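K.L.:
Take a look at the following structure, please.
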Amino acid sequence: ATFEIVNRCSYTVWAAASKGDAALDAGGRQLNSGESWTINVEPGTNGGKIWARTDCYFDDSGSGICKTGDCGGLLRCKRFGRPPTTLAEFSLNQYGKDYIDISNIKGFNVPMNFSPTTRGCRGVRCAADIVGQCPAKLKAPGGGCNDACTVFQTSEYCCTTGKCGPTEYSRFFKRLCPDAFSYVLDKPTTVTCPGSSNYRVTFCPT
C-alpha cells in the first residue's frame, strides 16, 4: 500500500511510520514545508501508525531528539513516538478490508487529514487548533497538548481496567475533533475502506 505523506505546515516536520516493533518503510524522514514523501507499507500491516515530529535535531548518524513524537532518538523510527502525537492509525487487509482512524489518545501535536486516494470510503480529519486551545493542565512544556493519561497516570484516564468513561479532558479533544478517538473506549470513528486501498496523510491540511 502506498501512503503519500504531505507536510502542508509552515514549519518542518519529521514524519514517522511504525507498527510498534518495526519501522514501516524507512521509518522516518524530514519534510520541509510543502514536501511529500511516499512510503510503501506491506499488505496485512496491523496496528500501523504515522505521525509528525516537531523541533528535531539529528546528527549525521540519524541520532538525536525531537520535542514531540521522538522515537528513541532515531530519525528512522522503529518504535512509537513520545506523546503528544496526533496519530494516523491503520490496519490493512484484515479479512478483506482496511481500517483507518485518527486518535488523540496519545495527545495532539500537529493537525492531520488522513484520507484514501483510492475509491470506496471517506477520510478523517483533526485540524482544529487543539494546541492553542489546550487546557492549561494538559499543555506540554516541550510543545503540544498531552492526553490526560500521560499527565495523570490514573486508571480512569488510561482505561487500565477496560472500564472507563469520558472525562472533562477527553471531552475537550472530542469537542475540537469529533472524528478522532478521544479516549480508549470512545465510540469508534474508524472508517472501513476497501482492502488494499492507498492513502494520503496531510499535516496542517487547512
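Counting begins at 1 with the first residue displayed.
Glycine residues also receive a Cβ, built from the backbone N, Cα and C atoms like all the rest.
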K.L.:
With reference to Swiss-Prot, specify which of the listed residues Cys126, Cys145 is paired with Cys134 by a disulfide.
P.N.:
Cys145
K.L.:
From the list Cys77, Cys121, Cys126, which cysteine is recorded by Swiss-Prot as disulfide-linked to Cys177?
P.N.:
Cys126
K.L.:
I'd like to know which of the disulfide-bonded residues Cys145, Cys164, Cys193 has the most other Cβ atoms within 10 Å of its Cβ.
P.N.:
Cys145
K.L.:
Which one is it: of the disulfide-bonded residues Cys56, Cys177, which Cβ has the fewest other Cβ atoms within 10 Å in this structure?
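P.N.:
Minimum Cβ neighbour count within 10 Å, taken over the disulfide-bonded residues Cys56, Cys177, occurs at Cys56.
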K.L.:
Could you tell me which of these disulfide-bonded residues, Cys9, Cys66, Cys121, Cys149, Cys158, has the greatest number of Cβ atoms within 10 Å of its own Cβ?
P.N.:
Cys66
